[PDB]
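In what follows, a single structure is set out as structure tokens and then discussed.
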Amino acid sequence: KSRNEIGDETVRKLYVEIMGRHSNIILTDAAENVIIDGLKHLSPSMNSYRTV
RNA sequence: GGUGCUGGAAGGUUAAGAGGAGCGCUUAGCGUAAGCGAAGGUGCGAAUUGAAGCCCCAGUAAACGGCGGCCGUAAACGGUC
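Numbers given in the entry's author numbering equal positions in the first sequence, counted from 1, plus 104.
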């Protein structure tokens, strides 16, 4: 439940995946569920499914 | 943003024209000496007023015109001028 930098409040959902070598940390905005940023950036070609 | 066009004087810059302070030049006369000098005439004219325009403020790009660089990351996103 993070306050935005402009003053209002918008809930953020942080996703932690622990899958060994496929582990990643991905933050979403919890309303549209688009990836704001990821700890490991993946391409549409390399790891085509679940592109970060 | 700059330049054109349109709109706006809050504030400065404002010309000619009004306005006349004051300062020189002459001398009727006061003066032992060198100077002071009223009324006129004759030049310089300071303050104060005195519009558009300029500085300024907004809009306008089928107006004039312009639409960038470096480093990463896989067009797109992040850091900086």
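Where a beta carbon is used, it is the ideal one built from N, C-alpha and C, also for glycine.
Task: Three-state class that DSSP yields for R107 in the structure shown - done: By one-based count along the first sequence, residue 107 stands at place 3. The answer is strand: DSSP assigns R107 an E or B state.
Open item on the list: Just to confirm before moving on: does the CB-CB distance between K105 and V115 stay below 8 angstroms?
Closed with: Locating residue 105 in the first sequence gives position 1, where the first residue counts as 1. Locating residue 115 in the first sequence gives position 11, where the first residue counts as 1. For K105 and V115, yes; Cβs fall inside 8 angstroms.
Task: 8 angstroms Cβ cutoff met for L146 and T155 - done: Locating residue 146 in the first sequence gives position 42, where the first residue counts as 1. Locating residue 155 in the first sequence gives position 51, where the first residue counts as 1. Result yes, Cβ atoms of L146 and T155 sit closer than 8 angstroms.
Open item on the list: Closest to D141 by C-alpha separation, out of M150, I129 and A135, would be which residue?
Closed with: In the first sequence, residue 141 corresponds to position 37, counting from 1. Answer by Cα proximity: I129.
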